[PDB]
């Protein structure tokens, strides 16, 4: 599932920068994918009765930490200060060769 509610909380799967409907990446660029991830996350959270403001913890998995400034810039637009708790790191690879995956936990 994309999200599981256990009841004070909701647990999101790691989100990729895919057009939900089609399962293809929005583009090859981390800049588009990051924003698509965040958009996708907002949809999943809202459907779940959560929202960006109820997120308590995120984890950002990157293909390349050199992308961090662009990623942070975009992320900060959806999660302005004070923002969720967060961890960030560069992994060896992501599913479907994605540039970025973000998972999160939110309150209901």
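Numbering follows the first chain given and starts at 1.
The stretch with the higher mean CA B factor, choosing between 66-74 and 50-58, is 66-74. Checked against the record, the higher mean CA B factor of 92-100 and 15-23 lies with 15-23.
Placement of the Cα temperature factor of residue 105 within the chain: lowest third of the modelled residues, per the deposited record. Ranked against the other modelled residues of its chain, the C-alpha B-factor of residue 29 as given in the entry falls in the highest third. Placement of the Cα temperature factor of residue 85 within the chain: lowest third of the modelled residues, per the deposited record.
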